[PDB]
Amino acid sequence: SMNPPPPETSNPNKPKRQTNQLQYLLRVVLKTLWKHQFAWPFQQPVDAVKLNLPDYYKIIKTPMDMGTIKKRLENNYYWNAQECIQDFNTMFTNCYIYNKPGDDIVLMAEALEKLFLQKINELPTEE
Ligand SMILES: Cc1c(NCc2ccccc2-c2ccccc2)cnn(C)c1=O
């Protein structure tokens, strides 16, 4: 069994910025979700070998996880907040597409998404 390489977290030729909106996405949004009791399944890429999910990467073609998002925020990978917000939404959507309603992993994603939506609702205006 085989995992794909993780998503890119470093690219010297990709343009990037340090902005108050991206600082908020690390300091408020990522920090809030990361410390949550249901964060652990989302803190690293889905390991299809260890989890015995040989079909995972047949169904999910844009993998994303909070470990990758945390690295992208800490290593200033992003140009804007929308790029980072899309990564969170990709992570949640992948969970809902692969799994079934009421599955433990879906209940965990739903709890994290509720907090995500609450925090993004108060995304500050650009300075
Ligand atoms: C389908 C799927 C996963 N499957 C396993 C799982 C399921 C529920 C809770 C926890 C884990 C887990 C987490 C880490 C290690 C071992 C099991 C796990 N994560 N995601 C995002 C999934 O979609």
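Conventions used here
- Residues numbered from 1 in each chain as written, not as in the entry; some residues may be left out.
- Heavy atoms only, no water.
- Axes fitted to C-alpha atoms, helices over the stretch in contact; angles between N-to-C directions.
- Helix = DSSP H or I, 4+ residues; strand = E, 2+ residues; numbered from the N terminus.
- Parallel < 35°, antiparallel > 145°, perpendicular 65-115°, else oblique.
- Left-handed = near helix turned anticlockwise from the far one by under 90°.
- Contact = heavy atoms within 4.5 Å.
- Nonpolar A, V, L, I, M, F, W, Y, C, P; charged D, E, K, R; others polar.
- Salt bridge = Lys/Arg side-chain N within 4 Å of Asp/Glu carboxyl O.
- Near = heavy atom within 4 Å.
- Polar contact = N/O pair within 3.5 Å; in protein donor to acceptor, adjacent residues only side chain to side chain.
- Areas by Shrake-Rupley, 256 points an atom, 1.4 Å probe, with all protein chains shown as cover.
- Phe/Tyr/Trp six-rings, centres within 6.5 Å; stacked < 30°, edge-to-face > 60°.
- Buried < 20%, exposed > 50% of the residue type's maximum accessible area, 1.4 Å probe, protein only.

Engineer: Go over the packing of helix α1 (residues 20-34) against helix α3 (residues 66-74), please, and point to the residues and values.
Structural biologist: Two elements in contact, α1 and α3, have axes whose closest approach is 10 Å; the angle formed by their N-to-C orientations is 150°. In terms of axis orientation, α1 runs roughly antiparallel to α3. Viewed along their axes, α1 and α3 form a crossing whose handedness is left-handed. Across the interface between the two elements, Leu22, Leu25, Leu26, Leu30, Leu33 and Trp34 of α1 pack against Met66, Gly67, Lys70, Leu73 and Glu74 of α3. Partitioning the contact of α1 with α3 into residue classes produces eight nonpolar, one polar and two charged.

Engineer: Residues and numbers for the pattern of salt bridges, please.
Structural biologist: Summed over the entire model, instances satisfying the criterion amount to three salt bridges. The partner of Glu74 in a salt bridge is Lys70, with the nearest N and O atoms 2.7 Å apart. Taken together, the residues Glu74 and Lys70, both in helix α3 and four residues apart, mark about one turn of the helix.

Engineer: So, the site of the ligand: which residues are in play, and what are the values?
Structural biologist: Around the ligand, the surrounding shell consists of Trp40, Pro41, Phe42, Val46, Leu51, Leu53, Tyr56, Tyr98, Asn99 and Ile105. A distance of 3.0 Å separates an oxygen atom of the ligand from a polar atom in the side chain of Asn99. For the ligand, whose free accessible area comes to 500 Å², the fraction covered by protein is 72%.

Engineer: Before we move on, can you summarise the packing of aromatic side chains with the specific residues and values?
Structural biologist: Within the structure shown, the criterion is met by five aromatic pairs. Ring geometry for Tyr56 against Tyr57: centres 4.8 Å apart, planes inclined by 85°, an arrangement best described as edge-to-face. The burial state of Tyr56 is the same as that of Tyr57; both residues are buried. Considering the side-chain rings of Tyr77 and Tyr78, the 5.9 Å spacing of their centres and the 80° angle between planes classify their relative orientation as edge-to-face. Residue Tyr77 is classed as buried on the basis of its relative accessible area, which comes to 8%. For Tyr78, a relative accessible area of 2% translates into the label buried. Aromatic ring contacts, followed pair by pair, group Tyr56, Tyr57 and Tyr98 into a single cluster.

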